[PDB]
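Undergrad: Chains as they are written, first to last, in the numbering used here: chain V, 9 to 57; chain S, 45 to 94; chain E, 6 to 265; chain P, 6 to 265.
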Amino acid sequence: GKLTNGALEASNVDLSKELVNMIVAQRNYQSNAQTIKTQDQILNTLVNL
Amino acid sequence: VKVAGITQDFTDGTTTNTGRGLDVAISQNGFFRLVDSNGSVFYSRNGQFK
Amino acid sequence: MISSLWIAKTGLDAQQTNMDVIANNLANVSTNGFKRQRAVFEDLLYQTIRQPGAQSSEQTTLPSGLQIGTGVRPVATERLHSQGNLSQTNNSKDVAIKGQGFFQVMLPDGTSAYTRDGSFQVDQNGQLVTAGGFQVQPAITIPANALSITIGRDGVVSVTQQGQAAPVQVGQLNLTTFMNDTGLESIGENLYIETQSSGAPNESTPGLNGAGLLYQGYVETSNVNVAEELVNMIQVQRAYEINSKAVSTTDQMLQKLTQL
Amino acid sequence: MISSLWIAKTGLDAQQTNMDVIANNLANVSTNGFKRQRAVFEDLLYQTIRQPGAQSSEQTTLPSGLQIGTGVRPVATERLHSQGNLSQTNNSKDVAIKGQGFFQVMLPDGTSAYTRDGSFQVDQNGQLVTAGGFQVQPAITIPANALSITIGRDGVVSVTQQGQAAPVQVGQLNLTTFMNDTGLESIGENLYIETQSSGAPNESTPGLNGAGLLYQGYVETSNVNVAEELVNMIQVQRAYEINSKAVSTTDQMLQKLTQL
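1) Can you tell which of E:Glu194, E:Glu83, E:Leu219, E:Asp256 has the C-alpha that lies nearest to the C-alpha of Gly106 (chain E)?
2) Taking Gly193 (chain E) as the reference, give the member of E:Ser69, E:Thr22, E:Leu112 with the closest Cα.
3) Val229 (chain P): buried (16+ other C-beta within 10 angstroms of its C-beta) or exposed?
4) Mind checking who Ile102 (chain P) pairs with in its DSSP beta bridge?
5) My guess is that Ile70 (chain S) and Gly9 (chain V) are in contact by the Cβ rule of under 8 Å, so how many angstroms apart are they, rounded?
6) Taking 7 Å as the limit between beta carbons, can you name the residues of its chain near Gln167 (chain E), skipping five residues before and five after?
7) What are the start and end residues of the alpha helix (DSSP H) that includes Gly16 (chain E)?
8) Exposed or buried, what is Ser39 (chain V) when buried is set at 16 or more other beta-carbons lying within 10 Å of its beta-carbon?
9) Express the C-alpha separation of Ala101 (chain P) and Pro211 (chain P) in angstroms, rounding to a whole number.
10) From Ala32 (chain P) to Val241 (chain P), what distance separates their C-alpha atoms?
11) Give me the Cβ distance between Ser92 (chain P) and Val224 (chain P), rounded to the nearest whole Å; I'm assuming they're in contact under 8 Å.
12) Counting only the same chain and skipping the five closest in sequence on each side, list residues whose C-beta sits under 6 Å from that of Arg43 (chain P).
13) Candidates E:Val141, E:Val34, E:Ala19, E:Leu180: which alpha carbon is nearest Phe46 (chain E)'s?
14) Keeping to the same chain, check which residues put their C-beta closer than 7 Å to that of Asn90 (chain P); ignore five residues upstream and five downstream.
15) Rounded to the nearest angstrom, what separates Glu234 (chain E) and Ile44 (chain V) at their Cα positions?
16) Does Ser39 (chain V) get closer than 7 Å to chain E when you measure Cβ to Cβ?
17) Would you mind working out which of E:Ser203, E:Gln257, E:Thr182, E:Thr181 sits nearest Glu190 (chain E), comparing C-alpha positions?
18) Could you check where the beta strand (DSSP E) with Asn207 (chain E) kicks off and where it finishes?
19) Hey, is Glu63 (chain P)'s beta-carbon within less than 7 Å of any beta-carbon in chain V?
20) Opposite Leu71 (chain E) in the DSSP bridges: which residues?
21) Distance cutoff 7 Å, beta carbons only. Does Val47 (chain S) sit that close to anything in chain E?
22) Identify every residue that forms a DSSP beta bridge with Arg43 (chain E).
23) Grouping DSSP H, G and I as helix and E and B as strand, with all else coil, what is residue 9 (chain S)?
24) Tell me which residues share the same chain as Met184 (chain E) and place their Cβ nearer than 6 Å to its Cβ, disregarding the 5 neighbours each side in the sequence.
25) Using 8 Å as the cut-off, can you tell me whether the region 12-27 of chain V makes contact with the region 59-70 of chain S, which would need three or more C-beta pairs spanning the two stretches below that distance?
26) Might you give, ordered along the chain, the residues of its own chain that have their beta carbon closer than 6 Å to the beta carbon of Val252 (chain E), omitting 5 neighbours on each side?
27) Is there contact between the region 255-265 of chain P and the region 23-31 of chain P, where contact requires at least three CB pairs shorter than 8 Å?
28) Short of 8 Å in beta carbon distance, which residues of its chain neighbour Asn248 (chain E), apart from the five on each side in sequence? Order them along the chain.
29) Using DSSP with H/G/I as helix, E/B as strand and the rest coil, what is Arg243 (chain E)?
30) Taking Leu196 (chain E) as part of the beta strand (DSSP E), name the residues at either end of that continuous run.
31) Name the chain P residues whose beta carbon is nearer than 8 Å to that of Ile44 (chain V)?
32) I'd like the ranges of any beta strand (DSSP E) spanning at least 3 consecutive residues and lying wholly in the region 132-195 of chain P.
33) Closer than 7 Å, CB to CB, is residue 5 (chain P) near chain V or not?
34) When you compare each of P:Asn237, P:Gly123, P:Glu246, P:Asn95 to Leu178 (chain P) by their alpha carbons, which one comes out closest?
35) Can you have a look at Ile73 (chain E) and say buried or exposed, based on whether 16 or more other CB atoms are within 10 angstroms of its CB?
36) Can you tell me whether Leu91 (chain P) is helix, strand or coil according to DSSP?
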């Protein structure tokens, strides 16, 4: 590529995409925590026999 | 699940005028070549030079 | 040691398998080109005792005899092959399939696996490879002096060199389709290998007799639905707890008998 | 007093050790330059009974004989020497490590200890000391009328004096590297001492050889990941309850024996 003098190459991070990805990742993490909690309430129920 | 890897989106970003003569922007492909105090070779897209 | 204990010991194991399937589906909610699993169950033995339909008298038959049954067993976990939603992540090296075909990839041992993941990279030698470093087939090399990579809807890979107004074709991407997509054996790393229940690998071009279409800059996400998995967890948890209660009731019954 | 009771007692002790490791990891979240611990277990001895592979007849061997095993024992507690997150405190005296080196300090016993903590102070004598007052070899004396301290990426310490246009070098901070980093014996107060399994201390400047670089104004936070510890705590609690249930079952069987 060619060099442009007097200019800087800024970052390529789009904030809207990052925010929506953060939201969906939070929901997925909560779902995984929920199934973790279910496996225990199952192990605890088996223990209380 | 297993994390196969972490990539880096090597697409050209914004070009912003700065008004200083020592900043260079690389459109399209290319990497600036640097050497540290040890002598290793490095590559960087940041054109903020001094 | 007693019949109801074995039956409720099979119920526990089947519900644990269902929970395992649900948890595995929820863990891979973000992996591209994923197909979620579904466990199927079937009845175990049925002890005959009094035979159903047995001739009690010389003219009267016994309807629906004493058929005491055994627990449950799972046949298998089948992959729900549906089209995951496509995502526009705008990179020239990501390709997504629109139909029901598979990419062919050559394993290091010389055999060929089949993957629907479209996140492709370029190795140091210039070949298209899967993100796990497995080289794609039938080999699409990419020159060092490449300016843009264009993969069309027909799988044709073109590379535009510097200062040249015409693109250069560097290969042709083909899709493999099977009689039975479920019977493929998953070997991990988003890879499936051929099994005799999956028929034979039929190679086809993308748009003809049944291979899917390829879209560049798109990634095929998983078909896992979170809400349905949540509801299924709530129902599997209740079923497991109730079967454990059956175990406990059998245990209490055996206690009094022994005490006698 | 019975074999299963000893096995369950060993399991309980191992799970308690795991819980202590988790608690120690949790207690040192705010410590700087702390490396989390992980415990590794091994399975104990085996009562032989019938030997596996013993010749039963003149030609037929016995496959997989009665190997009744004993409980479990923890072998080791290993540190995870990984680069923790760097935190900017904007202090002229705080130093952070970027690689895999160690700072060398002198205990008042006369032996040398090694610490990765970088929160340094100056004593009333003007020397560089650790927050516990241990003097930081190979020894940096800071003059009385200092205006600012500059510690370079390679370890050169300079002091800017009033009326002098040039900085004055007052020492050189060095890093010690070990061939085996996990073999160091932790004596507390963020100090590790060398053992015979920790190789020999190789002193080097930050940048040369393999030692890491020094960042001024930064502190190395602990590498403890908390959510993993919470999940491990849940697992440890459930496993401890299961082992306690095994103990209870053994106790009940012994009780039903006595009355006979």
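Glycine is no exception: its CB is placed at the ideal position from the N, C-alpha and C atoms.
TA: To lay it out plainly:
1) Counted from its first residue, the third sequence places residue 106 (chain E) at position 101. Comparing Cα positions, the closest option is E:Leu219.
2) Walking along the third sequence from the start, residue 193 (chain E) turns up at place 188. Ranking the options by Cα distance to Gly193 (chain E), first place goes to E:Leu112.
3) Within the fourth sequence, numbered from 1, the residue matching residue 229 (chain P) stands at position 224. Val229 (chain P) should be labelled buried.
4) Against the fourth sequence, residue 102 (chain P) aligns to sequence position 97. Partner(s): P:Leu219.
5) Position 26 of the second sequence holds residue 70 (chain S). Position 1 of the first sequence holds residue 9 (chain V). At roughly 5 Å, the Cβ-Cβ gap stays under 8 Å, so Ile70 (chain S) and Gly9 (chain V) are in contact.
6) Translated into positions along the third sequence, residue 167 (chain E) becomes position 162. Closer than 7 Å at Cβ, skipping near neighbours: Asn150, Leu152.
7) The sequence position of residue 16 (chain E) within the third sequence is 11, counting from 1. First-last of the alpha helix (DSSP H) with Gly16 (chain E): 8-32.
8) Numbered from 1 along the first sequence, position 31 holds the residue referred to as residue 39 (chain V). With 16 or more Cβ atoms within 10 Å of its Cβ, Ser39 (chain V) is classed as buried.
9) Translated into the one-based positions of the fourth sequence, residue 211 (chain P) becomes position 206. Translated into the one-based positions of the fourth sequence, residue 101 (chain P) becomes position 96. In this model, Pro211 (chain P) and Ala101 (chain P) are separated by some 12 Å (Cα to Cα).
10) In the fourth sequence, the residue the question calls residue 32 (chain P) occupies position 27. In the fourth sequence, the residue the question calls residue 241 (chain P) occupies position 236. In this structure, the CA atom of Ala32 (chain P) is about 17 Å from the CA atom of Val241 (chain P).
11) For this step, residue 92 (chain P) is matched to residue 87 along the fourth sequence. For this step, residue 224 (chain P) is matched to residue 219 along the fourth sequence. About 5 Å separates the beta carbons of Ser92 (chain P) and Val224 (chain P), which is inside the 8 Å limit, making them a contact pair.
12) Start at 1 with the first residue of the fourth sequence, and residue 43 (chain P) comes out as number 38. Correct list, in chain order: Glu83.
13) Counting from 1 along the third sequence, the entry for residue 46 (chain E) is found at position 41. For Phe46 (chain E), the nearest C-alpha among the options comes from E:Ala19.
14) Locating residue 90 (chain P) in the fourth sequence gives position 85, counting from the first residue. If we look at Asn90 (chain P) and ignore the five residues flanking it on each side, its Cβ neighbours are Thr226.
15) By one-based count along the third sequence, residue 234 (chain E) stands at place 229. By one-based count along the first sequence, residue 44 (chain V) stands at place 36. Distance between the alpha carbons of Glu234 (chain E) and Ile44 (chain V): 13 Å.
16) What you label residue 39 (chain V) is simply residue 31 of the first sequence in a count that begins at 1. Yes, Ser39 (chain V) lies at the interface with chain E (some Cβ there is under 7 Å from its Cβ).
17) Against the third sequence, residue 190 (chain E) aligns to sequence position 185. The shortest C-alpha separation from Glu190 (chain E) is found at E:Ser203.
18) Numbered from its first residue, the third sequence carries residue 207 (chain E) at position 202. Its beta strand (DSSP E) spans residues 207-209.
19) Within the fourth sequence, numbered from 1, the residue matching residue 63 (chain P) stands at position 58. Judged by the 7 Å Cβ criterion, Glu63 (chain P) is not in contact with chain V.
20) Your numbering for residue 71 (chain E) matches position 66 in the third sequence. DSSP output for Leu71 (chain E) lists no bridge partner at all.
21) Walking along the second sequence from the start, residue 47 (chain S) turns up at place 3. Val47 (chain S) does not count as touching chain E.
22) Locating residue 43 (chain E) in the third sequence gives position 38, where the first residue counts as 1. Partner(s): E:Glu83.
23) What is shown of chain S runs 45 to 94, which leaves residue 9 (chain S) out entirely.
24) Taking the first residue of the third sequence as 1, we reach residue 184 (chain E) at position 179. So the qualifying residues of the chain are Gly204.
25) Cβ pair count under 8 Å is three or more, so yes.
26) Position 247 of the third sequence, counted from the first residue, corresponds to residue 252 (chain E). Close CB contacts of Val252 (chain E) within its chain, under the 6 Å cut and outside five residues either way in sequence, are with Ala13 (chain order).
27) no
28) Here residue 248 (chain E) refers to the residue found at position 243 of the third sequence. If we look at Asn248 (chain E) and ignore the five residues flanking it on each side, its Cβ neighbours are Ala13, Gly16, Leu17, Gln20.
29) Residue numbering aside, residue 243 (chain E) sits at position 238 when the third sequence is read from its first letter. DSSP places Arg243 (chain E) in helix when its eight states are reduced to three.
30) For the purposes of this step, residue 196 (chain E) is taken as residue 191 along the third sequence, with counting starting at 1. Where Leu196 (chain E) is concerned, the enclosing beta strand (DSSP E) stretches over 196-198.
31) In the first sequence, residue 44 (chain V) corresponds to position 36, counting from 1. Those within 8 Å of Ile44 (chain V) in chain P are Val236, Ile239.
32) 133-135, 153-156, 161-165, 173-177, 180-182, 190-193
33) Absent from the model: residue 5 (chain P). The displayed extent of chain P is 6 to 265, so no value can be given.
34) As a first step, residue 178 (chain P) must be located in the fourth sequence, where it is residue number 173. Measuring from the Cα of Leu178 (chain P), the nearest candidate turns out to be P:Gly123.
35) For the purposes of this step, residue 73 (chain E) is taken as residue 68 along the third sequence, with counting starting at 1. Counting Cβ neighbours within 10 Å, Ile73 (chain E) comes out exposed, since fewer than 16 surround it.
36) The residue labelled residue 91 (chain P) in the question sits at position 86 within the fourth sequence. Strand.
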